[PDB]
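>>> need a 3D model of the sequence below.
(one chain, ligands or ions: 1)
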Amino acid sequence: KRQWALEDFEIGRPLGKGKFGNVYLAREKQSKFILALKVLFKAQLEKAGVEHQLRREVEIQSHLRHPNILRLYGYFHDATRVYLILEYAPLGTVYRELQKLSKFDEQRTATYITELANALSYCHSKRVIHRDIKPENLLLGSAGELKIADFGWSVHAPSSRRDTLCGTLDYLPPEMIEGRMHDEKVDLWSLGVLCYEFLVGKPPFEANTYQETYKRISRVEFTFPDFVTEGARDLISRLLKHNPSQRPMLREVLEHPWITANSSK
Ligand SMILES: O=C(O)c1ccc(Nc2ncc(F)c(Nc3ccccc3Cl)n2)cc1
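Residues are numbered from 1 along each chain as shown. The relevant structure is shown in the block below.
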């Protein structure tokens with residue numbers, strides 16, 4: 001019908017639940033194709049005053065096409081709700097996985113990293129920066145792959161409680177936290193932080209007070225545990241630099257010896 005409706009879909013379990021709403025497992029009635037339906041209340045959108053914000057985000061995310069980015073299939077609204085028709089990721093969140101194994105290895109890590117890197121490079125070229133790449137916003141595709149979800153503000157599968165947030169600043173760069181204008185180089189900060197968590201299992205700036213965390217970020221105080229390969233340290237260290245300018249371009253990352261060394265990709 002050119003325009004979809006709730007009735008065109010069967011609804012499964014909720015995949016995660018957000019503050020604006022939930023993503024449900026779903027399948028289009030006819031083809032029986034399986035997808036993900038993000039539901040957004042717009043009561044909650046009104047409040048936080050992002051609408052025309054969101055309205056231009058759907059515009060871009062539709063035109064985006066990459067293997068490592070979760071695809072936006074289509075969208076509609078009814079009255080009280082907006083509905084994102086999302087590509088479905090079978091394997092769930094890299095956060096779950098990482099929690100399960102408690103840490104990843106260099107082969108796994110390097111590959112995820114190269115994947116993320118192409119993704120952003122893609123985004124960058126499309127004039128999109130600052131994609132929120134913390135683990136809980138990353139999903140795992142059909143077989144092995146890593147997909148950036150991001151977009152519709154975060155949702156959570158039932159799990160811990162610990163952090164609701166509590167989880168926050170760890171992936172934010174000094175410029176961003178400090179309330180200054182930021183270039184495409186923020187997303188390199190993040191890679192640095194993701195990498196670290198991948199090997200360590202915790203992020204580099206984790207602390208038990210927001211202040212102490214903020215302290216370590218800005219002053220860039222982070223230490224590796226004994227086991228981290230020096231080649232790892234190299235990249236990470238190169239990646240977390242208080243100075244945005246001093247942080248690599250995305251290809252330098254894909255060039256990096258340790259990247260190319262342990263990557264499958
Ligand atoms: O079993 C689980 O917990 C599970 C399994 C597969 C999933 N795949 C998926 N595909 C498309 C999405 F937009 C999506 N949203 C989502 C849900 C919870 C947490 C984070 C995200 Cl990005 N999630 C999501 C969750």
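
>>> contacts and neighbour counts: CA atoms only from here.
OK.

>>> surely residue 220 is in contact with residue 242?
Yes - here residue 220 reaches residue 242: they are 6.6 Å apart, a contact under C-alpha atoms under 8 Å.

>>> what parts of the chain come near the ligand?
Contacts of the chain with the ligand, taken as C-alpha under 6 Å from any ligand atom, map to 15-16, 23, 36, 86-93, 136-139, 149, 155-157.

>>> can I get the buried part of the residues you listed as one PyMOL selection?
Buried residues within the residues of the chain next to the ligand, by 16 or more other C-alpha atoms under 10 Å, are selected in PyMOL with:
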select buried, resi 15+16+23+36+86+87+88+89+91+92+93+136+137+138+139+149+155+156+157
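
>>> wait, what's in contact with residue 141?
Counting by C-alpha atoms under 8 Å, 6 or more residues apart in numbering, residue 141 makes contact with 88, 89, 90, 91, 92, 147.

>>> I'd like these as a markdown table, with secondary structure appended.
Below are those laid out as a markdown table (DSSP: H, G, I helix; E, B strand; the rest coil):
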| residue | secondary structure |
| --- | --- |
| 88 | coil |
| 89 | coil |
| 90 | coil |
| 91 | coil |
| 92 | coil |
| 147 | strand |
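
>>> and those residues as JSON lines, adding distance to residue 64?
Output for the contacts of residue 141, formatted as JSON lines (distance: C-alpha to C-alpha, whole Å):
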{"residue": "88", "distance to residue 64": "16"}
{"residue": "89", "distance to residue 64": "17"}
{"residue": "90", "distance to residue 64": "20"}
{"residue": "91", "distance to residue 64": "21"}
{"residue": "92", "distance to residue 64": "21"}
{"residue": "147", "distance to residue 64": "13"}
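
>>> please, where are all the helices along the stretch 101-250 of the chain?
Ranges of helices in the stretch 101-250 of the chain, per DSSP state H, counting those that start in this stretch, are 106-125, 174-177, 186-200, 210-218, 230-239, 250-255.

>>> is residue 72 in a bridge, and if so with what?
Beta-bridge partners recorded for residue 72 (DSSP bridges): residue 86.

>>> now do the contacts for the closest residue to the ligand within the stretch 151-265 of the chain.
Residue nearest to the ligand within the stretch 151-265 of the chain: residue 156 (4.3 Å; C-alpha to the nearest ligand atom). Going by C-alpha under 8 Å, 6+ apart, residue 156 touches 15, 16, 17, 18, 136.
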